[PDB]
Number of protein chains: 2
Amino acid sequence: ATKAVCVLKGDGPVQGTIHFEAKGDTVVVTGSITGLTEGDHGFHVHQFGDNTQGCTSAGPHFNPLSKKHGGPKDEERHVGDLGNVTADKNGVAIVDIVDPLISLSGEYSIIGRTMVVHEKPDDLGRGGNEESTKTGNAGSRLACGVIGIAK
Amino acid sequence: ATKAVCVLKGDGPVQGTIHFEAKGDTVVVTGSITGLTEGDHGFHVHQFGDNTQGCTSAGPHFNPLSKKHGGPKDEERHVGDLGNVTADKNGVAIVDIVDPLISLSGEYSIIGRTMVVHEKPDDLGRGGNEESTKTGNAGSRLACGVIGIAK
Ligand SMILES: [Cu+]
Ligand SMILES: [Cu+]
Ligand SMILES: [Zn+2]
Ligand SMILES: [Zn+2]
């Protein structure tokens, strides 16, 4: 697939639509999320496209290379580590990410996995506690969706 | 990927959870759907895992081999043609299908595509008209979900 899409939903007001496109040798991620508190929010690809228990069943961050959590610019990071999206005072975060580890086909494919946006900022694996090395202390999952093949 | 899952949701009362497991050259489909009118309902994999416009954005039945619509036992069928599920008096349909044409990997993989349950029975392409060999005359889309990788 060369295009994918994800519709985020949760128990609260946060929602959004995320688009993915394979361009060149990389993946361009665009879209928007609304209903967020002003500021930074962790944003990652989780391993399972399973919404049977809400966002909890998506599992941990997608991590096929078995590394510790980091920011998108770090060598030591999970494949799903897309950092933070930033919401303005109106609650809107415009997503604009280009990422070198995710893909839409093959081993690194995120098709069928889940995008999650979190309650708190991702500390990029630099918080200094064990949780930082797993999730960046991004906290609860406000909304998520399964990543599907788009036309 | 040897397991997948799909949670069906719509704008009405129908909902359900569908599980998929690869066994040999088949996929075993299980689960249940509730809130249905008693009787048969068409059940297919549609091409796109795009929920930006409810179930309409899922597109047509998944058909990489460019064939006409048929029942799951027919040679001439769409890869996404899984026939009918049957709801009891209480509106519950227990899913139990073993299919040789859908897959969870490779080009006829359904991961990242959409499962749809319909308003009417699928006539298995034997309705006697042209709509029969496109959709089985199964009617409107009551609920759908994107098919994701499961643990
Ligand atoms: Cu996350
Ligand atoms: Cu269908
Ligand atoms: Zn991570
Ligand atoms: Zn069909």
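Every chain is numbered from 1, with letters handed out A, B, ... down the list of sequences. Counting starts at 1 for both ligands and their atoms, in listed order.
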- Query: With a 4.0 Å cut-off, would you call B:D74 and B:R126 a salt bridge?
  - Reply: yes

- Item | Option from B:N137, B:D122, B:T135 for which side chain to side chain contact (heavy atoms under 4.5 Å, CB included) with B:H69 holds | B:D122

- Item | Minimum-distance N/O/S atom that A:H61 presents toward the Zn ion (ligand 3) | ND1

- Message: Please name the atom of A:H78, limited to N, O or S, that comes nearest to the Zn ion (ligand 3).
- Response: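 Relative to the Zn ion (ligand 3), the closest nitrogen, oxygen or sulfur of A:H78 carries the name ND1.
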
- N, O or S atom within B:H69 nearest to the Zn ion (ligand 4), by name: ND1

- Message: Can you tell me which N/O/S atom of B:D81 has the shortest distance to the Zn ion (ligand 4)?
- Response: OD1

- Message: Determine whether the aromatic ring centres of residues A:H78 and A:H44 are separated by less than 6.0 angstrom.
- Response: no

- Task: State yes or no: are the ring centers of B:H118 and B:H41 separated by less than 6.0 Å?
- Result: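 No, the ring centres sit 6.0 Å or more apart.
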
- Query: Restricting to N, O or S atoms of B:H44, which is nearest to the Cu ion (ligand 2)?
  - Reply: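 Minimum-distance N/O/S atom of B:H44 relative to the Cu ion (ligand 2) is ND1.
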
- Which atom of B:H118 approaches the Cu ion (ligand 2) most closely (N/O/S):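 Of all N, O or S atoms belonging to B:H118, NE2 is the one nearest the Cu ion (ligand 2).
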
- Item | Closest non-hydrogen atom pair, A:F48 against A:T114 |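 The answer is O-OG1, 2.6 Å.
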
